[PDB]
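Novice: Contents of run_12.pdb (PDB, C-alpha atoms):
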```pdb
ATOM      1  CA  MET A   1      24.521   4.564  -8.510
ATOM      2  CA  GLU A   2      24.415   2.606  -5.273
ATOM      3  CA  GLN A   3      23.166  -0.513  -3.528
ATOM      4  CA  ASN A   4      19.685  -1.714  -4.407
ATOM      5  CA  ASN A   5      17.524  -4.767  -4.987
ATOM      6  CA  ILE A   6      13.971  -5.998  -4.568
ATOM      7  CA  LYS A   7      13.096  -3.107  -2.287
ATOM      8  CA  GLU A   8      14.511  -0.775  -4.913
ATOM      9  CA  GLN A   9      12.749  -2.647  -7.691
ATOM     10  CA  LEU A  10       9.533  -1.830  -5.870
ATOM     11  CA  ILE A  11      10.328   1.819  -5.253
ATOM     12  CA  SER A  12      11.504   2.364  -8.809
ATOM     13  CA  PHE A  13       8.402   0.904 -10.412
ATOM     14  CA  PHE A  14       6.016   2.488  -7.938
ATOM     15  CA  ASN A  15       7.882   5.769  -8.217
ATOM     16  CA  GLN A  16       7.680   5.261 -11.962
ATOM     17  CA  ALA A  17       3.908   5.104 -11.701
ATOM     18  CA  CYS A  18       2.333   7.596  -9.326
ATOM     19  CA  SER A  19       3.223  11.272  -9.484
ATOM     20  CA  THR A  20       3.278  13.443  -6.385
ATOM     21  CA  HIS A  21       3.383  12.337  -2.766
ATOM     22  CA  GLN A  22      -0.085  13.255  -1.559
ATOM     23  CA  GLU A  23      -1.114  10.852  -4.296
ATOM     24  CA  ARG A  24      -0.937   8.086  -1.719
ATOM     25  CA  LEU A  25      -3.407   9.732   0.629
ATOM     26  CA  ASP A  26      -5.361  10.185  -2.581
ATOM     27  CA  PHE A  27      -5.063   6.529  -3.515
ATOM     28  CA  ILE A  28      -6.284   5.047  -0.254
ATOM     29  CA  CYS A  29      -9.463   6.881  -1.179
ATOM     30  CA  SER A  30      -9.345   7.285  -4.940
ATOM     31  CA  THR A  31      -8.514   3.593  -5.055
ATOM     32  CA  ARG A  32     -11.465   2.536  -2.934
ATOM     33  CA  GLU A  33     -13.656   5.071  -4.694
ATOM     34  CA  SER A  34     -13.284   4.494  -8.416
ATOM     35  CA  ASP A  35     -14.938   1.723 -10.395
ATOM     36  CA  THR A  36     -12.324  -0.495 -11.999
ATOM     37  CA  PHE A  37      -9.577   0.310  -9.524
ATOM     38  CA  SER A  38      -7.284   0.054 -12.525
ATOM     39  CA  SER A  39      -7.863   3.545 -13.866
ATOM     40  CA  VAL A  40      -6.498   5.177 -10.737
ATOM     41  CA  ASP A  41      -4.067   8.040 -11.212
ATOM     42  CA  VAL A  42      -1.314   5.563 -11.996
ATOM     43  CA  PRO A  43      -0.070   3.585 -15.007
ATOM     44  CA  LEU A  44      -0.646  -0.155 -15.047
ATOM     45  CA  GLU A  45       2.518  -0.598 -17.076
ATOM     46  CA  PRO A  46       4.766  -0.044 -14.050
ATOM     47  CA  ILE A  47       2.198  -1.055 -11.459
ATOM     48  CA  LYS A  48       2.144  -4.356 -13.310
ATOM     49  CA  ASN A  49       5.727  -4.710 -12.147
ATOM     50  CA  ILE A  50       4.798  -3.950  -8.558
ATOM     51  CA  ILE A  51       1.918  -6.361  -9.023
ATOM     52  CA  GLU A  52       3.946  -9.315 -10.245
ATOM     53  CA  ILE A  53       5.856  -9.371  -6.977
ATOM     54  CA  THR A  54       3.365 -11.103  -4.713
ATOM     55  CA  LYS A  55       2.746 -13.746  -7.351
ATOM     56  CA  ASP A  56       4.803 -16.179  -5.308
ATOM     57  CA  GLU A  57       4.047 -18.333  -2.288
ATOM     58  CA  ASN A  58       6.830 -17.359   0.086
ATOM     59  CA  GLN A  59       6.173 -13.913  -1.335
ATOM     60  CA  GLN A  60       2.513 -13.758  -0.380
ATOM     61  CA  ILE A  61       3.517 -14.972   3.062
ATOM     62  CA  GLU A  62       6.569 -12.809   3.643
ATOM     63  CA  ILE A  63       4.275 -10.074   2.385
ATOM     64  CA  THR A  64       1.473 -10.874   4.800
ATOM     65  CA  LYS A  65       3.684 -10.381   7.833
ATOM     66  CA  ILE A  66       5.332  -7.488   6.031
ATOM     67  CA  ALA A  67       1.942  -5.819   5.818
ATOM     68  CA  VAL A  68       1.295  -6.584   9.467
ATOM     69  CA  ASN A  69       4.733  -5.253  10.323
ATOM     70  CA  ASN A  70       3.030  -1.951   9.603
ATOM     71  CA  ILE A  71      -0.361  -2.755  11.080
ATOM     72  CA  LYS A  72       1.230  -4.022  14.272
ATOM     73  CA  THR A  73       2.863  -0.608  14.302
ATOM     74  CA  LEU A  74      -0.256   1.275  13.278
ATOM     75  CA  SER A  75      -1.621  -0.017  16.562
ATOM     76  CA  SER A  76       0.066   2.847  18.372
ATOM     77  CA  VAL A  77       1.199   5.639  16.081
ATOM     78  CA  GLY A  78       2.935   7.731  18.715
ATOM     79  CA  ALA A  79       0.934   8.957  21.684
ATOM     80  CA  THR A  80      -0.399  12.327  20.593
ATOM     81  CA  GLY A  81      -1.176  11.078  17.105
ATOM     82  CA  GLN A  82      -4.339  11.411  15.054
ATOM     83  CA  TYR A  83      -3.877  10.642  11.377
ATOM     84  CA  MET A  84      -2.125   7.507  10.179
ATOM     85  CA  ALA A  85      -0.851   9.350   7.129
ATOM     86  CA  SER A  86       1.569  11.234   9.347
ATOM     87  CA  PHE A  87       3.083   7.797   9.808
ATOM     88  CA  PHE A  88       4.390   7.723   6.257
ATOM     89  CA  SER A  89       5.334  11.210   5.129
ATOM     90  CA  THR A  90       8.411  10.736   7.282
ATOM     91  CA  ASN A  91       9.634   7.371   6.055
ATOM     92  CA  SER A  92       8.809   6.889   2.393
ATOM     93  CA  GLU A  93      10.927   3.793   1.884
ATOM     94  CA  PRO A  94       8.509   1.851   4.098
ATOM     95  CA  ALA A  95       5.458   3.962   3.346
ATOM     96  CA  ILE A  96       6.188   2.876  -0.205
ATOM     97  CA  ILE A  97       6.523  -0.877   0.146
ATOM     98  CA  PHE A  98       3.366  -0.624   2.218
ATOM     99  CA  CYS A  99       1.468   1.520  -0.256
ATOM    100  CA  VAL A 100       2.185  -1.281  -2.699
ATOM    101  CA  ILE A 101       0.595  -3.761  -0.323
ATOM    102  CA  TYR A 102      -2.556  -1.712   0.123
ATOM    103  CA  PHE A 103      -3.093  -1.018  -3.559
ATOM    104  CA  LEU A 104      -2.672  -4.692  -4.365
ATOM    105  CA  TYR A 105      -5.296  -5.636  -1.806
ATOM    106  CA  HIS A 106      -7.411  -2.750  -3.040
ATOM    107  CA  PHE A 107      -7.293  -4.496  -6.397
ATOM    108  CA  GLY A 108      -7.589  -7.958  -4.896
ATOM    109  CA  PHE A 109      -4.126  -9.128  -5.876
ATOM    110  CA  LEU A 110      -2.287 -10.161  -2.733
ATOM    111  CA  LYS A 111      -3.171 -13.531  -1.253
ATOM    112  CA  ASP A 112      -3.531 -14.617   2.355
ATOM    113  CA  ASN A 113      -5.231 -17.792   3.520
ATOM    114  CA  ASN A 114      -7.267 -16.750   6.534
ATOM    115  CA  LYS A 115     -10.904 -15.748   6.839
ATOM    116  CA  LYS A 116     -12.220 -13.005   9.089
ATOM    117  CA  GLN A 117     -10.666  -9.572   9.443
ATOM    118  CA  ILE A 118      -7.306  -9.503   7.703
ATOM    119  CA  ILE A 119      -4.869  -6.990   6.261
ATOM    120  CA  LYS A 120      -7.058  -5.679   3.464
ATOM    121  CA  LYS A 121      -9.535  -5.336   6.307
ATOM    122  CA  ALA A 122      -7.295  -3.338   8.614
ATOM    123  CA  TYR A 123      -5.424  -1.487   5.893
ATOM    124  CA  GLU A 124      -8.844  -0.524   4.588
ATOM    125  CA  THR A 125     -10.078   0.416   8.041
ATOM    126  CA  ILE A 126      -7.337   3.025   7.995
ATOM    127  CA  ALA A 127      -7.067   3.903   4.323
ATOM    128  CA  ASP A 128     -10.723   4.744   4.822
ATOM    129  CA  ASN A 129     -10.813   6.192   8.318
ATOM    130  CA  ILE A 130      -7.789   8.230   7.303
ATOM    131  CA  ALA A 131      -9.885   9.481   4.409
ATOM    132  CA  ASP A 132     -12.317  10.617   7.078
ATOM    133  CA  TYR A 133      -9.941  13.367   8.136
ATOM    134  CA  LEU A 134      -8.608  14.160   4.682
ATOM    135  CA  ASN A 135     -11.591  15.763   2.994
ATOM    136  CA  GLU A 136     -13.777  13.000   1.610
ATOM    137  CA  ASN A 137     -11.437  12.832  -1.360
TER     138      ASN A 137
END
```
Just give me the structure as structure tokens.

Specialist:
Amino acid sequence: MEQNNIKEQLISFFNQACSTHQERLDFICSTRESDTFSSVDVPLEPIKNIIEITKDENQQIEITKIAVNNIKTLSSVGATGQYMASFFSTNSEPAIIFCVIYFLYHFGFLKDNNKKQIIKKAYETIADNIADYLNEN
């Protein structure tokens, strides 16, 4: 079809898991509002593929910064912004790779040596706060 690779591998799988788009905004919450965090509205079959990606050192690292690459950006979100979600509907490619990050952390998969507030912390601070404007869903 066309160029592709890791990035694609992620999209594919992920895309071959969830359903609609809003799902994401639903995950951030649904995810951190389930019980097993593995019954979410998504198959583990594919997710397992997007899960066995950060099972590598350099990976975990490259991922860490990767996650921050978004956080560092989430520390602005335009000027007249409000919801962080708006900062995804536009670019899915990234909003995807990221979504993967979150989920992982939401399921305690990704690794990152460093105590105190971290990604899962920030990502959660938003995934949650963002769920404060959604509709408690």

Novice: Determine the residue membership of the PyMOL selection byres ((chain A and resi 124) around 12) for the file above and supply it as JSON, numbers by chain.

Specialist: {"A": [27, 28, 29, 31, 32, 33, 71, 84, 99, 101, 102, 103, 104, 105, 106, 107, 117, 118, 119, 120, 121, 122, 123, 125, 126, 127, 128, 129, 130, 131, 132]}

Novice: For this structure, which residues satisfy the selection - the PyMOL selection byres ((chain A and resi 89-97) around 9) - when it is evaluated on the file as given? I want them as a PDB file with C-alpha atoms, keeping the file's coordinate frame.

Specialist:
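Output file part.pdb follows:
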```pdb
ATOM      1  CA  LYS A   7      13.096  -3.107  -2.287  1.00  0.00           C
ATOM      2  CA  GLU A   8      14.511  -0.775  -4.913  1.00  0.00           C
ATOM      3  CA  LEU A  10       9.533  -1.830  -5.870  1.00  0.00           C
ATOM      4  CA  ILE A  11      10.328   1.819  -5.253  1.00  0.00           C
ATOM      5  CA  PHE A  14       6.016   2.488  -7.938  1.00  0.00           C
ATOM      6  CA  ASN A  15       7.882   5.769  -8.217  1.00  0.00           C
ATOM      7  CA  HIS A  21       3.383  12.337  -2.766  1.00  0.00           C
ATOM      8  CA  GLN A  22      -0.085  13.255  -1.559  1.00  0.00           C
ATOM      9  CA  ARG A  24      -0.937   8.086  -1.719  1.00  0.00           C
ATOM     10  CA  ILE A  66       5.332  -7.488   6.031  1.00  0.00           C
ATOM     11  CA  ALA A  67       1.942  -5.819   5.818  1.00  0.00           C
ATOM     12  CA  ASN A  70       3.030  -1.951   9.603  1.00  0.00           C
ATOM     13  CA  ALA A  85      -0.851   9.350   7.129  1.00  0.00           C
ATOM     14  CA  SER A  86       1.569  11.234   9.347  1.00  0.00           C
ATOM     15  CA  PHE A  87       3.083   7.797   9.808  1.00  0.00           C
ATOM     16  CA  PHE A  88       4.390   7.723   6.257  1.00  0.00           C
ATOM     17  CA  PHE A  98       3.366  -0.624   2.218  1.00  0.00           C
ATOM     18  CA  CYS A  99       1.468   1.520  -0.256  1.00  0.00           C
ATOM     19  CA  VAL A 100       2.185  -1.281  -2.699  1.00  0.00           C
ATOM     20  CA  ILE A 101       0.595  -3.761  -0.323  1.00  0.00           C
TER      21      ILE A 101
END
```

Novice: Take CA of residue 73 in chain A and CA of residue 16 in chain A and report the distance between them in Å, one decimal.

Specialist: 27.3 Å

Novice: Contacts of residue 112 in chain A at 7 Å or less, counting only C-alpha atoms, minus same-chain residues fewer than 2 places along, as a PyMOL selection string?

Specialist: chain A and resi 60+64+110+114

Novice: What does the structure give for the distance between CA of residue 5 in chain A and CA of residue 40 in chain A, in Å to one decimal?

Specialist: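 The value is 26.6 Å.
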
Novice: Select, from A:35, A:61, A:109, A:68, the residue with the minimum atom-to-atom distance to residue 47 in chain A, counting all atoms listed in the file.

Specialist: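 Using all atoms listed in the file, the shortest distance to residue 47 in chain A belongs to A:109.
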
Novice: Nearest to residue 50 in chain A among A:30, A:20, A:9, A:135, with distances taken over only C-alpha atoms: which residue is it?

Specialist: A:9
